Amino acid sequence: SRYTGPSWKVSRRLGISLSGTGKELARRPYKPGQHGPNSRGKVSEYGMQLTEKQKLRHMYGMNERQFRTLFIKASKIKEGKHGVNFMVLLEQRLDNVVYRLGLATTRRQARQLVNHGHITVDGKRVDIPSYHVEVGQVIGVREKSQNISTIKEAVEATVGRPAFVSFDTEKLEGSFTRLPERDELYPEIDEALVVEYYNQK
Amino acid sequence: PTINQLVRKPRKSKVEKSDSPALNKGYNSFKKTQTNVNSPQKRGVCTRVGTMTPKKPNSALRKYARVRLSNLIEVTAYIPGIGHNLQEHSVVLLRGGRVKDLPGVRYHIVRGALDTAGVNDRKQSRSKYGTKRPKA
Amino acid sequence: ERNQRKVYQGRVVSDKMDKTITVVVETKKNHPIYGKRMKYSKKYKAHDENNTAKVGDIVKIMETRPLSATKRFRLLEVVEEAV
Amino acid sequence: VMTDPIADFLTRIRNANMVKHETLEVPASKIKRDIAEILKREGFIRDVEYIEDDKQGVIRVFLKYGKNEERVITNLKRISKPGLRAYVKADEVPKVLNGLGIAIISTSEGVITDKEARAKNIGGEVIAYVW
Amino acid sequence: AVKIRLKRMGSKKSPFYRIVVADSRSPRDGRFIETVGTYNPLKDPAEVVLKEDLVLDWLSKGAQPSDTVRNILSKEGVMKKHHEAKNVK
Amino acid sequence: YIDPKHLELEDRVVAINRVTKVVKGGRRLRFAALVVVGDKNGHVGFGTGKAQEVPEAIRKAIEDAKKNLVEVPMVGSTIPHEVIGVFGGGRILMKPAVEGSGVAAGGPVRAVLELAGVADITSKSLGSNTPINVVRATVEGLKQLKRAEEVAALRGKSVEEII
RNA sequence: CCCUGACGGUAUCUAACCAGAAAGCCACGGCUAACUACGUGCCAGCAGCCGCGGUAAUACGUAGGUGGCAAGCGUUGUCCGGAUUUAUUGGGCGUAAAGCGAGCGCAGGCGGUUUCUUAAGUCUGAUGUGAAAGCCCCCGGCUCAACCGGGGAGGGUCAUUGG
RNA sequence: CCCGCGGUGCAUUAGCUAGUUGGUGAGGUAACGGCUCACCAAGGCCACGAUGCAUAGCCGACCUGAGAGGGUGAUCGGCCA
């Protein structure tokens, strides 16, 4: 499964945008349902760690088993911290590479582009979105049929291109220069609440 | 203790026991009854039916049965939900779970698994109570 | 004969049988759970060509091959005699 | 009857330390003199003087206190006991209090500190922790 | 009847083989004496690794190859060396 | 000494308690509050006070909590060594941890530990779990932490000679 | 030189057409994330432990909404953890459970200071062995991953010989 | 084939052995040996748990635990019956 629901209730429940600052929390910044505008008392310190974890899980649209295995894998580095290495491994998945490069507006669109077989790493096609893109691998746009309507238009309007992403808008090749850093990556949510959430799992 | 007392006579811990002991059974067919074969459920035939009144301070008439099991030891078992169809000599299935209404009952029958039938109004937790999904 | 057998040491304990003596070899070994060292004993039977050695002697023995239902050792030498 | 003179020495030091006065005397022994020298080298004791008349003893210890009369040894513990002995291997030498305290170990080449033993790579009987 | 034979180590339809010296009564995937090289039927020019200083020692003691092991031991020039050591001295 | 209350301090409620006193006729009820206070930089105090309503109670407690404060040394977001704090049936063990591991600590002790700026530490309560005595035992155990400089000063040595 | 495929026209690759065929289970009084209506009235029923139900029930039964997971979701049974609740690591015996009513003593356990010696315990070096597959570390192949392969470490209370 | 060491409950199970323990010779087996014979003697094992009763194929390994530990011996490999 992935998810198909209204995708905007989700942001109103975390209190974070999740869609490139394009405002879902413009009107009614409160939660969904009857008891939306009428908030109530405090939230535990279990609700806080759960809310941080859900923020990160819904950012990149993955499921709970895969999230937890990625977290367990990031723990075997021991070079740096354990939340930084996590949120950095999270960025190296082929879906974020298409999002950051700029071939798609959303992450759902980028996911459908990499699922339906329209992109290639090093020339060879790769079809599965949880792929692990390493540093220095020019991912391309299937030079067979790169004349599609939405890819073309979403290359023009560059809302955000980062300081670790390289790209050329003629051959349509991009790559990571090097690994990013927390200052360059959502210094807003957390990586410590999420680490504590998995201590008693 | 001194460690010499410990070496003369070691430490011994307490022994734990189930609360569903009639679910580790053995046959009574050829020789005798064997205890290795932990089961999640057992089946049986109900030798009576009816009602009984709870402890202090509850108040009701709670439905129950008495059942003889394949290994030939007898126990009473609660029948849950609203409304059943169980009569003398109908074959049923038991799971663990103890009711806090009266003593002597340590099992539940499972609805919709043999002669017993699922309850016929439910809409909200039909996976218990054994109700199938209605088009409504 | 470049391969070698096992020799031991002990104090003789019984000398009633003809040509056979029981030797107790003693050692200390530890406890598996707790730490301290307990002493441990096992008895061996050894062969005597002429019924020489007596109790309290401190002997050495060596491993041979089955010489009876129970005896597997022979008498090497007497190190220190009792009086 | 007395069965552990090293423990008796250690408890004299701790008892006279907690009441915070500045002298102490014990009957002498070759091992207690060793650990009195080790206690003097690191900075817990101020001095040690050796009188001896007609029996074993004696050994006089001069404790040491801070600038505001606070204590430089804070506790002291006997590890190997007659009744359960504790032997340690060259890679098992302990580090008491993250290096801020010392351990005392008897090896085939002296009664030495725990630094001097993990620099020589040997082990032995563990006498005490003093932190 | 010591042998030099192949031993299957793939998954289901991607086989791999270890070259092994075994008593002939043993099961194909059971006990053996030691392992001597490797062999890969995929990988279009098939891959052989082998020590070839234990093959020459087992061969001179009476071990015997199977039919495929002899083919891949002659493609490596091990049978010629056996030839030049035995019937030449 | 007195760390004087003139800083940027983020308080926290740790417990509240409905407490009665039976009198002629019926029953009286107050509210007791337990509060911690700190700046997440190495200064932490606890304090309690009671009043007839919850806001008044928590206020009097922060009043009390600020009168006491402890220094809490550390060597790079991690406590210098291992301590055991005991106060009346509450026993709490604390260990130095690994860089970026977090705080694995129970309810009362984690409030104390987080408001002093501790980042990586492991704990365990081998005792009772009454909030007041847990807080008091935890503060009792921080007071045993020794700086590396002070030890080198008390003895006749230098640092890098004992570490 | 020449000669052989059960799987099997299998995997796979190319062309056209169509958003059309493909979402459910548990929970929402406190522990523990997620609340309002109506029905019923210590009844019918619910519960892992506290405990709910006698006219305005967020605890029963439905509807609307919300939370957790998702081709699965809950329930029962069995084992380790939390349990320092058999405590070597790591607990206790005045009043909470717990000093035999007291002595005398065989076996056992533990023992003051010191010189020389020994090497049983203790410490240490070298050699042999502790299969293969597993857990772990590095590298590589299946579009990725499960999975598959190559090279290593680890694991003895082990043996022999020298300090 | 022989040997050292290691892995279970019960003392509301303390005595067990008469080819039994040792010697001389004879037969017998691939082979040493009470292995089996005739004679001679009175030995052997046990509180460091003999004997009896109950339960169980053993190991590489597998699950859980911070560790020390605790619980299992299904797929796959080794030994046994």
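Conventions adopted
- Residues numbered from 1 in each chain as written, not as in the entry; some residues may be left out.
- Chains lettered and ligands numbered in written order.
- Part of a larger assembly, values for the part shown.
- Heavy atoms only, no water.
- Helix = DSSP H or I, 4+ residues; strand = E, 2+ residues; numbered from the N terminus.
- Rg over C-alpha atoms; globule rule 2.2 N^0.38 Å.
- Buried < 20%, exposed > 50% of the residue type's maximum accessible area, 1.4 Å probe, protein only.
- Contact = heavy atoms within 4.5 Å.
- Areas by Shrake-Rupley, 256 points an atom, 1.4 Å probe, with all protein chains shown as cover.
- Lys, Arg positive; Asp, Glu negative; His and termini not counted.
- Charge placed at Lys NZ, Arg CZ, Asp CG, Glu CD.
- Pairing = 2+ DSSP bridges.
- Axes fitted to C-alpha atoms, helices over the stretch in contact; angles between N-to-C directions.
- Near = heavy atom within 4 Å.
- Polar contact = N/O pair within 3.5 Å; in protein donor to acceptor, adjacent residues only side chain to side chain.
- Nonpolar A, V, L, I, M, F, W, Y, C, P; charged D, E, K, R; others polar.
- UniProt positions renumbered as here; feature names shortened; annotations may be inferred.
- Salt bridge = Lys/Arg side-chain N within 4 Å of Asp/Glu carboxyl O.
- Buried area = accessible area lost by both parts, 1.4 Å probe.
- 1 Å grid on protein atoms, 1.4 Å probe; cavity = no way out; pocket = protein on both sides within 12 Å on 5 of 7 lines; lining within 4 Å.
- Points joined across faces, edges and corners; volume = space filled by probe spheres on them.

Concerning the overall build of chain A
Within chain A one finds eight helices and five strands. Seen in sequence order, chain A has helices and strands lined up from the N terminus as α-α-α-α-α-α-β-β-β-α-β-β-α. Relative to its length of 201 residues, chain A is compact, with a C-alpha radius of gyration of 18 Å against a globular reference of 17 Å. By principal-axis analysis of the C-alpha atoms, chain A measures approximately 55 × 45 × 30 Å. By the burial criterion, 40% of the 201 residues in chain A qualify as buried. Counted over contacts in chain A with a minimum sequence separation of 6, partners at least 24 positions apart contribute 53%. Surface accessibility of chain A: about 12500 Å² in total, with carbon and sulfur atoms responsible for 50%. The positive charge centre, built from 34 side chains, and the negative charge centre, built from 23, are 9 Å apart in chain A.

Observations regarding the sheet that holds strand β3 (residues 44-51) of chain F
Adjacent strands of a sheet form backbone hydrogen bonds with each other and so pair up, either parallel or antiparallel. All names here are of chain F. Strand order in the open sheet made by the three strands is β1-β2-β3, with antiparallel pairing throughout. A strand with exactly one partner marks an edge of an open sheet, and here the two such strands are β1 (12-22) and β3. Adjacent strand axes in the sheet meet at a mean angle of 20° when their direction is disregarded. The strands that helix α1 (residues 54-66) touches are β2 (27-38) and β3; relative to β3, the one it contacts most, it runs at about 145°. On top of the sheet, helix α2 (residues 107-114) reaches β1, β2 and β3; it is set at about 130° to β1, its chief contact.

Quick look at the protein's contact with RNA strand H
The immediate surroundings of RNA strand H are formed by 25 residues, with C:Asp18, C:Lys42, C:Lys43, C:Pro66 and E:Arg31 found nearest. Backbone atoms, meaning sugar and phosphate, form 90% of the atoms of RNA strand H found within 4 Å of the protein. One of the side-chain N or O atoms of C:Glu63 is found 3.3 Å from a sugar or linking oxygen in RNA strand H. Counting residues per element, the surface near RNA strand H draws most heavily on strand β3 (residues 37-47) of chain C, at seven residues.

Quick look at the pairing of β1(F)
In regular strands, side chains alternate between the two faces of the sheet. Where β1(F) meets β2(F), ten bridges bridge the pair, whose relative direction is antiparallel. Residue pairing across strands places F:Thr20 opposite F:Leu29, the latter belonging to β2(F).

Some words on the protein's contact with RNA strand G
As a structural note, the neighbourhood of RNA strand G is formed by 79 residues, with A:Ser1, A:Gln54, B:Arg11, B:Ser18 and B:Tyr78 the closest of them. C:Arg37 places a side-chain nitrogen or oxygen 3.1 Å from a sugar or linking oxygen of RNA strand G. The backbone of D:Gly123 places a nitrogen or oxygen atom 3.4 Å from a sugar or linking oxygen of RNA strand G. Where the surface near RNA strand G is concerned, the elements lending two or more residues are α1 (9-14), α2 (45-59) and α3 (64-74) of chain A, β2 (62-69) and β4 (91-96) of chain B, β3 of chain C together with β5 (87-88) of chain D. Per element, the largest residue contribution to the surface near RNA strand G is five residues, and it comes from α2(A). Broken down by class, the residue content of the surface near RNA strand G amounts to 23 nonpolar, 25 polar and 31 charged.

So, the UniProt feature "domain: Small ribosomal subunit protein uS4 N-terminal" (unreviewed entry) in chain A
Per the UniProt entry, the sites bearing "domain: Small ribosomal subunit protein uS4 N-terminal" (unreviewed entry) are residues 2-91 of chain A in this numbering. In the segment residues 2-91 of chain A, helix accounts for 42% and strand for 0%; the C-alpha atoms at its two ends are 18 Å apart.

Topic: the sheet that holds strand β2 (residues 20-30) of chain C
Residue and element names in this part refer to chain C. Reading around the circumference, β1-β2-β3-β5-β4 is the order of the five strands in this closed barrel, with mixed pairing throughout. Pairwise comparison of adjacent strand axes, ignoring direction, gives a mean angle of 45° for this sheet. Pairing of strand β1 (residues 7-14) with strand β4 (residues 58-63) involves five bridges; the strand directions are antiparallel. Across the sheet, residue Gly 10 finds its bridge partner in β4, namely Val 59.

Quick notes on the pattern of salt bridges
Under the counting rule described, the total for this entry stands at 22 salt bridges over all chains. Two residues, F:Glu63 and F:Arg59, come together in a salt bridge whose shortest N-O distance is 2.1 Å. Of this pair, F:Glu63 and F:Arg59 both sit in helix α1, separated by four residues, roughly a single helical turn. Salt bridges here are not isolated pairs; linked through shared partners, they connect A:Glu45, F:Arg12, F:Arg110 and F:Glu114.

Looking at the interface of chain D and chain F
Each partner contributes to the interface: chain D provides 15 residues, whereas chain F provides ten residues. With both sides pooled, the region where chain D packs onto chain F buries about 1100 Å², and carbon together with sulfur makes up 61% of that total. Viewed at the interface, chain F and chain D are joined by zero salt bridges. Applying the counting rule to chain D against chain F returns four residue pairs in polar contact. Looking at the side of chain D that touches chain F residue by residue, the classes come out as four nonpolar, five polar and six charged.

Here's the deal with the layout of surface pockets
All names here are of chain A. Computed from the structure, the largest pocket encloses a volume of approximately 1300 Å³. What lines the largest pocket is a set of 44 residues, among which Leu 18, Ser 19, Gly 20, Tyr 99 and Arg 107 lie closest to the centre. Every element with two or more residues in the lining of the largest pocket is listed here: α1, α2, α5 (94-101), α6 (107-115) and α7 (149-156). Among the elements that make up the lining of the largest pocket, the one with the highest residue count is α5 (four residues). Counted by class, the lining of the largest pocket contains 17 nonpolar, 16 polar and eleven charged residues.

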